[PDB]
Amino acid sequence: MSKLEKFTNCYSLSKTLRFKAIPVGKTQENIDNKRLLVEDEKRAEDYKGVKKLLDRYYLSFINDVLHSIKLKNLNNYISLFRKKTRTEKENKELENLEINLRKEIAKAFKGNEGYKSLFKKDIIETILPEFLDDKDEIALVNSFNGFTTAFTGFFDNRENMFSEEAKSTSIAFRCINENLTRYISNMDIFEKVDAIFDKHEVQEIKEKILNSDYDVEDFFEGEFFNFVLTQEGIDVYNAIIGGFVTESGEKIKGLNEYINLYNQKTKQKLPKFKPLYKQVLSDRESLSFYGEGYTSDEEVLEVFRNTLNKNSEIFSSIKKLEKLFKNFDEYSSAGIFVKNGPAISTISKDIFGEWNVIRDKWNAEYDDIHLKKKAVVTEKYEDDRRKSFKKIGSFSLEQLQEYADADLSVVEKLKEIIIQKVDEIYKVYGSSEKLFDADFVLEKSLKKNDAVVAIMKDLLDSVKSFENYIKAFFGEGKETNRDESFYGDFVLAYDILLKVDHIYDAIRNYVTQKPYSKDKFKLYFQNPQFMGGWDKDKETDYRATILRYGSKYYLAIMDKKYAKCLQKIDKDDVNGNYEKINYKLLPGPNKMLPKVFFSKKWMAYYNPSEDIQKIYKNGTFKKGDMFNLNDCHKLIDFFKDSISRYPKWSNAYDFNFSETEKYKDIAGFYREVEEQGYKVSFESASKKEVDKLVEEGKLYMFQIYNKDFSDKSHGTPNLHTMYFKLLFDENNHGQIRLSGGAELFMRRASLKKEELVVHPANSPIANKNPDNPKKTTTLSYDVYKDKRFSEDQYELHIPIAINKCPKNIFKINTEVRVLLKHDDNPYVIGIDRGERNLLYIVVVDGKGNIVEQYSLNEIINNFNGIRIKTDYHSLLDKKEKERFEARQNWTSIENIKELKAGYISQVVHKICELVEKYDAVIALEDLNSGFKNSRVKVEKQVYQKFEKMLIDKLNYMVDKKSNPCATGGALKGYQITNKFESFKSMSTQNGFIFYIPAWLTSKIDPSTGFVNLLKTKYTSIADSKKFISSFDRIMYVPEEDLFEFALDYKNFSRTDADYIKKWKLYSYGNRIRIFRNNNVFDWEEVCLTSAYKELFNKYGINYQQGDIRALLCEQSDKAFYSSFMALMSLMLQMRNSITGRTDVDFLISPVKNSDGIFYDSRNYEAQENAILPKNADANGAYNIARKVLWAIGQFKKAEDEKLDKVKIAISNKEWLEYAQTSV
RNA sequence: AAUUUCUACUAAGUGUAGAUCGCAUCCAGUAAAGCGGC
DNA sequence: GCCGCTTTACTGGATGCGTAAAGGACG
DNA sequence: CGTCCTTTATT
Ligand SMILES: [Mg+2]
Ligand SMILES: [Mg+2]
């Protein structure tokens, strides 16, 4: 009611409506006969090609400067960049330095005198014909001699590359804003970690990577940046961090690889380096050597047959390798060795059937010498055997035969396994013989052929496992005696079997690539700017315009031969007529009023006083230090008079300008032109003539259509279908404008009609909803699946502009604060993320009362009494594992972004419904860049998509049921978030949306506000001794069977935050602990009081003795304290959760509230309408919402001039005094 | 199981409900398999 | 599980445009 | 000389 109505007509944004275009009458017949589509098809392919050559020239022009660029005073930027103490004056000083560094790069591209010609028709007619040396590339640019405006959008994408501003697509942005900070940040890390770099490691990287031409320390000096400005330098720089791969496959290690080895050997966390991003428009060949993938299906086959058949060496390698293990007994059992790795536990199984016997057998050997009888099994003796067992490089066949008990002979059972595994491979060929024949011809493309691939994948994985098994027998020796008679033959075969490793690589990279599909192609109809705008004065120029015949809108296109065929038409008084558009638009008043009145054609006709042309030149009409008021007034009066004397503007638009003496700036004037320089009207044009123009092929005509436009549809239209209707409805006083830049694509069919899944007519189809009481539909017509891709389809993308002239101008975050300061019962929505519930909603009133809370794991909807509850969290979990198991098995990877998107729209709808009902602000978690990472497989990508599509909705929120001409409807939709420019331009609040920190949101007691601010991990006995003494009392309360731990927080460290300070903790309830190593459960439920009684009996403590603090401190045993502090750890462990278990995720508190009862969320999850959180997840969203109620409390005090300056970012100390006082 | 398109439907018979900014460019991120060092 | 190289997939953020009339070249 | 494709102007 009150709050939302204020937010209408707030700002201007554009959207795009999409429509299927259906050819009318003989339209498509004439389009085929004139071969128009094949020309645009052949063009859209050549258009990608010409662009590729254009990139070649740009990259060449890009590099001429970037090779030769020198950055002035680079150290100065570095100096202020690494200062731990800049002021509000030096912070503005480094920025002005950062701006000049990009300018230094930017003007060097523009300093060239060929710069401006890179984006005009000259580059295609002139420059590229000179640069190119191919006679075919010369011929593909010539066909575009007539179309150079079809590149205007491509040229804009390339001037961004030469921008000076901090823009993401700028080259200057890449080198300075991105590469420098990454380069500087590593310079801070190099110095910190330079100590751990061996002198050979410096020489290793210098000889192998740097070629002795540069020192390694050089690439961390300030002045050496100039090398890395190109891809040539970046490729070398990244190699210093990561290393690279030679021809022979040697993994040359980089600095990030060495720092890693040191931190695994000294158990530290020293920082690794950040690689550098690529340079814009670089075609980057990678330094690491890799064998190129196969181009086509035929190559893959010819390799597969020739390399993998029995005749080829790869089989001969196995054929001889089987011979070696057969005669295995002959060679010296001291000469053969089995490598040591974690993969040997499998080896122990293959001989005698147990994993850990080889480890256990050896452990008996190491123990007996180095187990003195005093200890029997100290932690140091058990833990040192692990150090020795992996340090061992390999095992000889006799140390394994010595471990083996008779009659088991290791050398014989080795012959058994190899004989078992090479028999398997000879049988996979039996199935795959159909792949090896010379005659075999593939039925379907390799990607469309899941049946042939699974055959190759099965033969390749069978060869891979036999080779991967044998690799362990090398032993990496470096061994005193090797039966080199054996290993000589072995090395000969195994290096040749190693050839499959490159085939396994390259085949995977071919088969698993998405198959060929024909993208839709833009239709030009022989005009480079086809259908660019709708102005009636341009109808001949663009050659397309819109037509209306009642409830149906058509798109008419005029053939190049008959450009003015729809202008000679007139009204037919008696017979049918079309409604023809009369579109009129004045784009860019700041760029169209001076462009015309100072243009060569009209500069004479309107003789601007020499005073004028010196005002526009000096820019005194602009606000700032050049600003003059009367000059602005005079510039206005010249434009005003000139328009009245301009015919095609004055007649077309009805102009009302307020008195020039009332304009405060030139912007106020241009706005009135813009708001009134748009008029859409309709004229009458004969149908029998226009239709004659379609049959004659002089005019092409499609119907604009979606399923709402069907005569069989009686249901609520799609939201965009409403927009389309308002564009031409006479109640749209400019709210939604018809913008230019429409496009028309052609998407050829991608599926065959005969191939489709069809539900045959008059045969019953089963309904999937178990709530739907009609489990069958019997239709009299066929239901083809994906029928929209079974036929060719025209596409029409029409951009629209909403609120191009915004009336209501004010700050939105400020206006939201204003109405919160005055709302008597404001509401807050709390939305909390999780991995057990994707999203949890909590709605609260101004007093923190819960009105609503439910999980959004499932979307529940009712229409006409037909409930349907979709389990989207299950749908996401199943599609995720349908891509995981797809990636493993080389099959098709299903798409999941749409499933997440379809979920959010159902979610977004629900929040907007809550926002409309309760007039509630929205509360989200303050998440920076780091939190996106997780330890388990996330759908938390849904959360990032949840904000984007929710913010996008709140930019222009509409209800499709309200009247469009009413507030909230289609023409007056609510705008309650700041315009979405980027995710990085965001602050702590965005209109109704508040991002708030999550500290103490979940592990806090709702009933009392109690929080765990004690550190309980065990460090020493004395630390434990001081701990127990600090508590006011530790007693047993027998009437309740509980232990009581009264404390004043001021006796512990870092308890400054808490308000109440004095709490009494009780060992009430059970907790959940996770194991550290068969067993039914990986967790147990400890009973605290039944465990304090347990601990206190093991050490002989009389816990009934009143106060027990001095009694527990009397102990001298470390084991007592290391477990006591553990029991103390669980009592303060409020949030108890278990991975992947639906049952467990509960919050329980060890404090009695005002009525002396503990908060156990389980006592709430059973309730339908609970007044407190039901679980740790709802507890999160509840508090996220209350943290915002605190902020509303700060708005109710401050005054509207200072409401903008209130800090809504909670202080961790302020939130505790609030959570403890609210109850 | 239809769709401008996506999702979920069949929703009373060629459809229902919700959502939907297209296009081009630069760049990055995640997952998987192989490959080398701990 | 950490570090690094590759290849395939699918996915996502940040930029530009959403223009009529002047301007010029051309048969 | 009219027609079609190119460049332009910046609250
Ligand atoms: Mg509908
Ligand atoms: Mg995934």
# chains A, B, ... in the order shown; residues from 1 in each chain; ligands from 1
$ residues_near_ligand --ligand "ligand 2" --cutoff "10 Å" --atoms "only C-alpha atoms (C1' of nucleotides) and all ligand atoms" --output "list in words"
residues 879, 880, 881, 882, 883, 884, 887, 893, 894, 895, 896, 897, 937, 938, 939 and 941 of chain A; 30, 31 and 32 of chain B; 9, 10 and 11 of chain C
$ select_by_dssp --residues "stretch 297-436 of chain A" --states "alpha helix (DSSP H)" --output "PyMOL selection string"
chain A and resi 297-308+313-326+345-352+357-369+379-391+397-403+410-436
$ residues_near_ligand --ligand "ligand 1" --cutoff "7 Å" --atoms "only C-alpha atoms (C1' of nucleotides) and all ligand atoms" --output "number ranges by chain"
A: 708, 715-718; B: 16-17
$ residues_around --residues "stretch 314-317 of chain A" --least-positions-apart "2" --cutoff "9 Å" --atoms "only C-alpha atoms (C1' of nucleotides)" --output "JSON, numbers by chain"
{"A": [307, 308, 309, 310, 311, 312, 319, 320, 321, 322, 492, 493, 494, 495, 496, 497, 498, 499, 500]}
$ closest_atom_pairs --of "chain D" --to "chain A" --cutoff "8 Å" --atoms "only C-alpha atoms (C1' of nucleotides)" --output "Markdown table"
| residue | atom | partner | partner_atom | distance |
| --- | --- | --- | --- | --- |
| D:5 | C1' | A:146 | CA | 7.1 |
| D:6 | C1' | A:149 | CA | 7.1 |
| D:7 | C1' | A:120 | CA | 8.0 |
| D:8 | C1' | A:595 | CA | 7.8 |
| D:9 | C1' | A:591 | CA | 4.1 |
| D:10 | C1' | A:591 | CA | 4.9 |
| D:11 | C1' | A:667 | CA | 4.3 |
$ write_last_selection --atoms "C-alpha atoms (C1' of nucleotides)" --output "short mmCIF file (atom, residue, chain, number, x, y, z; two decimals), in the first residue's frame"
data_model
loop_
_atom_site.label_atom_id
_atom_site.label_comp_id
_atom_site.auth_asym_id
_atom_site.auth_seq_id
_atom_site.Cartn_x
_atom_site.Cartn_y
_atom_site.Cartn_z
"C1'" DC D 5 25.24 3.57 -48.59
"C1'" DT D 6 28.47 6.06 -45.00
"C1'" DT D 7 29.47 8.97 -41.21
"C1'" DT D 8 28.04 11.83 -37.44
"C1'" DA D 9 26.67 14.24 -32.68
"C1'" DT D 10 27.26 13.92 -27.54
"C1'" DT D 11 22.38 16.37 -21.29
#
$ interface_residues --of "chain A" --to "chain C" --cutoff "6 Å" --atoms "only C-alpha atoms (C1' of nucleotides)" --output "list in words"
residues 156, 157, 168, 169, 242, 244, 257, 260, 509, 512, 513, 587, 740 and 741 of chain A
$ write_last_selection --atoms "N, CA, C and O atoms" --output "PDB file, in the first residue's frame"
ATOM      1  N   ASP A 156      32.178  -0.709 -32.827  1.00  0.00           N
ATOM      2  CA  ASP A 156      32.020  -0.246 -31.451  1.00  0.00           C
ATOM      3  C   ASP A 156      32.706  -1.189 -30.473  1.00  0.00           C
ATOM      4  O   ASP A 156      33.366  -0.742 -29.528  1.00  0.00           O
ATOM      5  N   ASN A 157      32.578  -2.500 -30.695  1.00  0.00           N
ATOM      6  CA  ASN A 157      33.230  -3.484 -29.838  1.00  0.00           C
ATOM      7  C   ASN A 157      34.747  -3.359 -29.858  1.00  0.00           C
ATOM      8  O   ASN A 157      35.413  -3.868 -28.950  1.00  0.00           O
ATOM      9  N   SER A 168      35.972  -2.634 -18.730  1.00  0.00           N
ATOM     10  CA  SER A 168      36.440  -4.019 -18.663  1.00  0.00           C
ATOM     11  C   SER A 168      37.033  -4.507 -19.977  1.00  0.00           C
ATOM     12  O   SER A 168      37.875  -5.412 -19.973  1.00  0.00           O
ATOM     13  N   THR A 169      36.615  -3.942 -21.105  1.00  0.00           N
ATOM     14  CA  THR A 169      37.092  -4.390 -22.405  1.00  0.00           C
ATOM     15  C   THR A 169      38.256  -3.556 -22.927  1.00  0.00           C
ATOM     16  O   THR A 169      38.716  -3.784 -24.051  1.00  0.00           O
ATOM     17  N   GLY A 242      54.212 -21.093 -13.067  1.00  0.00           N
ATOM     18  CA  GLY A 242      53.650 -22.423 -13.208  1.00  0.00           C
ATOM     19  C   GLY A 242      54.556 -23.451 -13.856  1.00  0.00           C
ATOM     20  O   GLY A 242      54.391 -24.655 -13.642  1.00  0.00           O
ATOM     21  N   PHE A 244      56.196 -25.233 -17.430  1.00  0.00           N
ATOM     22  CA  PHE A 244      55.710 -25.618 -18.750  1.00  0.00           C
ATOM     23  C   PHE A 244      56.178 -27.040 -19.047  1.00  0.00           C
ATOM     24  O   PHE A 244      56.832 -27.685 -18.223  1.00  0.00           O
ATOM     25  N   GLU A 257      55.154 -24.050  -7.934  1.00  0.00           N
ATOM     26  CA  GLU A 257      55.347 -25.463  -7.641  1.00  0.00           C
ATOM     27  C   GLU A 257      56.387 -25.682  -6.551  1.00  0.00           C
ATOM     28  O   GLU A 257      56.258 -26.625  -5.764  1.00  0.00           O
ATOM     29  N   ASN A 260      55.029 -24.603  -3.106  1.00  0.00           N
ATOM     30  CA  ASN A 260      54.138 -25.668  -2.663  1.00  0.00           C
ATOM     31  C   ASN A 260      54.912 -26.800  -1.998  1.00  0.00           C
ATOM     32  O   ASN A 260      54.499 -27.310  -0.949  1.00  0.00           O
ATOM     33  N   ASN A 509      39.476 -35.597 -26.501  1.00  0.00           N
ATOM     34  CA  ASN A 509      39.275 -34.197 -26.840  1.00  0.00           C
ATOM     35  C   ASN A 509      38.479 -34.028 -28.123  1.00  0.00           C
ATOM     36  O   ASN A 509      37.891 -32.964 -28.340  1.00  0.00           O
ATOM     37  N   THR A 512      34.376 -35.793 -27.230  1.00  0.00           N
ATOM     38  CA  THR A 512      33.599 -35.093 -26.217  1.00  0.00           C
ATOM     39  C   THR A 512      33.274 -33.650 -26.592  1.00  0.00           C
ATOM     40  O   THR A 512      32.751 -32.912 -25.750  1.00  0.00           O
ATOM     41  N   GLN A 513      33.560 -33.228 -27.820  1.00  0.00           N
ATOM     42  CA  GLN A 513      33.287 -31.856 -28.219  1.00  0.00           C
ATOM     43  C   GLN A 513      31.885 -31.758 -28.803  1.00  0.00           C
ATOM     44  O   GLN A 513      31.446 -32.642 -29.543  1.00  0.00           O
ATOM     45  N   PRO A 587      15.895  10.985 -31.578  1.00  0.00           N
ATOM     46  CA  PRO A 587      16.888  10.403 -30.672  1.00  0.00           C
ATOM     47  C   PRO A 587      18.041  11.353 -30.393  1.00  0.00           C
ATOM     48  O   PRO A 587      18.531  12.052 -31.283  1.00  0.00           O
ATOM     49  N   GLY A 740      14.325   1.487 -31.724  1.00  0.00           N
ATOM     50  CA  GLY A 740      14.890   0.950 -32.939  1.00  0.00           C
ATOM     51  C   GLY A 740      15.803  -0.227 -32.662  1.00  0.00           C
ATOM     52  O   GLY A 740      15.874  -0.763 -31.556  1.00  0.00           O
ATOM     53  N   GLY A 741      16.502  -0.646 -33.714  1.00  0.00           N
ATOM     54  CA  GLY A 741      17.485  -1.701 -33.583  1.00  0.00           C
ATOM     55  C   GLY A 741      16.907  -3.095 -33.581  1.00  0.00           C
ATOM     56  O   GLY A 741      17.519  -4.014 -33.028  1.00  0.00           O
TER      57      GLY A 741
END
